[PDB]
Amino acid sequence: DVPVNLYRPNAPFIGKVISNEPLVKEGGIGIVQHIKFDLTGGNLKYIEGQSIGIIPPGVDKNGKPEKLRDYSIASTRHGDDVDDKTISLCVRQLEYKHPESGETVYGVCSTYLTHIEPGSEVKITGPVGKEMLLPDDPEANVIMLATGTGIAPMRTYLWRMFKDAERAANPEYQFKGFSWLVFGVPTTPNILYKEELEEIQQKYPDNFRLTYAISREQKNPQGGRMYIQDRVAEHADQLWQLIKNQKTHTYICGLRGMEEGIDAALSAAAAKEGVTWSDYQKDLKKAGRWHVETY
């Protein structure tokens, strides 16, 4: 039922870019693009929580072809237009430091993708992933802990849950549980999909809670910058109570290293009731209720 490896690196699907939109508003930090591809002409199917591979053009420094990079799918199974013809990605351009040979370094695949033109052909493989899948139980609670481009799988869940067109397209899934996104970004113009996230929250104030951790605008109790582990510590007892429900699924996505501050906060909460969090969490992973994808 879960499509996997419909296309592989030795014979990739050749899609076409339909659009390439900026997500970072003026005054923000960096470049994050929303890129939509045309899937017509092939049989690429996917569901929510999966990834695809992109094979960038060119050779490395040794003259060898560039390998694929993985990207979380940022659209539901139906695509943004709910026509089952497209797939979207949420791609940040990577760039960095002088302690790494010379001046500024730009990432190969992320630069390629963020500057790609409509009409261009792209090599796509996949889909892959069974770790970040959404339960078909419409009464599930869904906690979502994302930083930056980790919003991508969260967007596929929330759109499936709350978009009018999706609800009309998925008769089997009419969500009536509770979902909570805690979203860590550096500035307000860096809140990816801010307007659509806040529109969901106003239509479904009982089913969706939105919490931001904006580090350049908010300070934590110790006077430091507000990060997502600070918000999670702030709400640790509430999050723990929701996690005790047999229906609750937790998803964590973003850059590696966000997991340690989340566990330290949930450990202190669980300890209050004599529960050892690290042992409890192993049973949650075994049960398929604890989903992690950091990179």
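Position 1 is the first residue in the sequence shown; the rest follow in order.
Taking the mean of the C-alpha B-factors per stretch from the entry, tell me the winner out of 60 to 68 and 235 to 243.
Comparing averages over the C-alpha atoms only gives 60 to 68.
Residue stretch of maximal mean CA temperature factor, 86 to 94 vs 167 to 175:
On average, C-alpha B-factors are higher across 167 to 175.
Could you check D80, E198, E217, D137 and tell me which one carries the biggest Cα B-factor in the deposited entry?
The C-alpha B-factor peaks, among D80, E198, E217, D137, at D137.
Highest CA temperature factor in the entry: which of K45, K36, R256, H249?
Most elevated C-alpha B-factor of the set, per the entry: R256.
Compare the C-alpha B factor of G102 with those of the other modelled residues in its chain, then answer lowest, middle or highest third.
Answer is highest: the recorded C-alpha B-factor places it there.
Position of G49 among the chain's modelled residues by C-alpha B-factor, lowest, middle or highest third
Ranked within chain, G49 CA B lands in the lowest tercile.
Would you please rank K203 by its C-alpha temperature factor against the other modelled residues of its chain and give the third it falls in: lowest, middle or highest?
For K203, whose C-alpha B-factor we compare with every modelled residue in the chain, the answer is the highest third.
Just say lowest, middle or highest third for the CA B-factor of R225 relative to the other modelled residues in its chain.
It falls in the top third of the chain.
Can you work out whether the C-alpha temperature factor of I55 puts it in the lowest, middle or highest third of the chain?
For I55, whose C-alpha B-factor we compare with every modelled residue in the chain, the answer is the lowest third.
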